[PDB]
Structures are given as structure tokens and as C-alpha cells.
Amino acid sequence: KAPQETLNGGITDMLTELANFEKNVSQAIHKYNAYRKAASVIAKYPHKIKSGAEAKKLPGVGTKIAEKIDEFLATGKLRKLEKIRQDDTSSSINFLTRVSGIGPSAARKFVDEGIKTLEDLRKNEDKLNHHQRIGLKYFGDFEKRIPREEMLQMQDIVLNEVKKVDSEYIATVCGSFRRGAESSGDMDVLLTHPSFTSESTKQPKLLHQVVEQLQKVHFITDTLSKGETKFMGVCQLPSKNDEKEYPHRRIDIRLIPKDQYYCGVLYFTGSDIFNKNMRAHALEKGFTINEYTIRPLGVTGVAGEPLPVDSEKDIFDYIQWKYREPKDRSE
């Protein structure tokens, strides 16, 4: 379980708003993560915070945030935030960043030029790049969650088509979906083939062929980016006669070397906390884990050649550990 929004939702929301403002307007990504961290640890606190000093005891909450909590608890609001919400420039910039492709920098230019709304964007399509236009075109669709049943139907199509292109491909839908989530933000598909390894051929056709098949059967509808290794785009479940159309969805497809496949699966399955905690634990046992490989340290810190991996279990075993089921990888 988890503490209800009722407990410290006002505080966590306040911290999340300030988090967004720092990243989108101040362009202070570290202060953005500082705030989110503070919001997380408070969202876990199973007690109604009575003072900023009480919250200060938590890892991620320092003096500044303690002061803000005191102001919020005593008044019900934060002056600095109340002033940011009313600022036309800060609000507009903040808003435009909700478009995929528009970050802090682009949002800034648009607002400096008067472009402050989606409507303003439509009248200025020539000023947008390919990514941004897709983000615009699907603004609303991209903010909708993906229920597990739809992800299942999406997986059906992906696994079916990949196998159809070459039955030797190995495909694994990762992300929260693999962790048994009831809903998802997007679909992350990891791909490999026996003919693709670190020391072999780079083959631009392996990822290209699969994307093509999914476009042939009308599953993939748009392309944000696509190289020889990574593909980012859009997909949509086919419409049932008479029933309403499905929302367009974000889908990523990655071609990974077979010898780095399982480290990739584990990584893109998350959770980020589970990854951080698993990396932190991996440190104690004298190992370093990333998206690509697992390497042995030699006391000074000399990481030798990447250890052989043939399954996710192999990784868990290496670090003296039992394989954690994806559904439990929450923390």
C-alpha cells in the first residue's frame, strides 16, 4: 500500500509544482530532481506532517523545503508559487513543455516570440520541427494512461509481427507493463537477434525491417526518431467496427546486442528506484551495473571485461542474490 493523498498531498503537490517550474522555467534540472525526491519521501510518509522540522528528518528534505512546509501549513499556500502560477510567462513556458519535443529551451523561445498556446503553435507549424509537430498533433493522446488490457493487445501485435519478420528475433516488452502495472505511460520494446552481438555486424536492417512490418500492418503511425539502434514513434490499436477510435500511443523499440540484452531488459523494466537500489546493493558485493553490462571491480576500481549474461537470473546470481519477480521490482 501507500499513504493516501489526504495525508500530505498539499505538500507533495506544492513540491511537484515547484519541481516542474525549476526544470521548465528556471532550467535547473538538479533542483527539479531535488524537489521530486522531497515529494517522493513525503508521499511515503505514513503520518500527517505537523511541521517543517518534522519533515526535515526525511532524506531529501532540507532547510529550504522545511521553511516552505511551515509557510504552507500555517497559511495553506506558498507566496512564491502563488506568484508563479499567475505569471503569464512562467505559466506559458511551463505549459508548452507538456508538448513532446518542446523542452525548456524551445518553450522559452516560443514565449519570447508571443507563441504561448497550442493554438499559437498551429498557426506557426513552420517554426516546429518534426518531433514537435507529432507532439502537437497528439498532445492530448500523449497525456492519457494506457490500461493493461490495451497493452496486452499491443503486445500481441508486436510479438506477432516481429516473429513474422524473422522467427529468430527475441522481443521483450519492458517498463511498468512487465512489472504487472494496471496502467502504463508508454510501450518500451527491447529487441535482439543471434546475428547481432557487440563484436559482430551493426546491421541497420534488423531494426528497420521490424519497424517496417509494424507500419505495413498499420500499427506504427508516426516516427519521432529512428536510427540503427533506437526507434521512437507512435502506434495505435486498430478500431473495432462502430466502436470509437483508440488513442495514439508512444512506443519505443530498441535493438540491443545479444550479450547486452539481459542487462538491457532488467534496466528498462525498472523501477528506477529498484535500479538505483539494485545498483547500490551491487556496489556492496563489488559489482557495477548499468544498462549495458555487469563488470567486476578489482579493489582499486579496475572493472575487467564484462561478465557473460544469458538471462536476468544470471545477473542476480552474480551479485549473490535471488531473482526478483518483475511484479515485485517496485523498490
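Superpose the two forms; the largest set of C-alphas matching within 1.5 Å is the rigid core. Throughout, we count residues from 1 along the sequence that is shown.
Practice task
Once the rigid core is lined up, would you tell me whether 123 to 131 or 73 to 81 has the higher RMS CA deviation in 7 other deposited structures of this protein?
Solution key: Looking at 73 to 81 and 123 to 131 in 7 other deposited structures of this protein, the bigger mover is 73 to 81.
Practice task
Would you say which of 14 to 22 and 306 to 314 moves more relative to the shown form in 7 other deposited structures of this protein, going by RMS C-alpha distance with the core superposed?
Solution key: The answer is 306 to 314, which departs more from the shown form in 7 other deposited structures of this protein.
Problem - Third-or-more of other entries without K202 - result: Across the compared entries, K202 is left out in at least a third.
Handout entry: 246 to 254 set against 192 to 200, stretch whose average Cα temperature factor tops the other in the entry
Key = Comparing 192 to 200 with 246 to 254, the higher mean C-alpha B-factor belongs to 192 to 200.
Handout entry: 261 to 269 set against 284 to 292, stretch whose average Cα temperature factor tops the other in the entry
Key = Per the PDB entry, the higher value belongs to 284 to 292.
Exercise for the section: Would you mind finding, among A19, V25, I11, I319, the residue with the largest C-alpha temperature factor in the entry? Expected result: Answer, based on the entry's C-alpha B-factors: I319.
Problem - Most elevated Cα B-factor in the entry, residues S51, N33, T63, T300 - result: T300 has the highest C-alpha B-factor of those listed.
Problem - Ranked C-alpha temperature factor of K205 among modelled chain residues, by third - result: It falls in the top third of the chain.
Exercise for the section: Compare the C-alpha B factor of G140 with those of the other modelled residues in its chain, then answer lowest, middle or highest third. Expected result: Its C-alpha B-factor belongs to the lowest third of this chain's values.
Practice task
Determine, from the deposited record, the chain-internal third of the Cα B-factor for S100: lowest, middle or highest.
Solution key: Tercile = lowest for this residue's CA B-factor.
Practice task
Going by the recorded CA B-factors, say which third of the chain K276 sits in, lowest, middle or highest.
Solution key: It belongs to the highest third of the chain when residues are ordered by C-alpha B-factor.
Practice task
Just say lowest, middle or highest third for the CA B-factor of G227 relative to the other modelled residues in its chain.
Solution key: It falls in the middle third of the chain.
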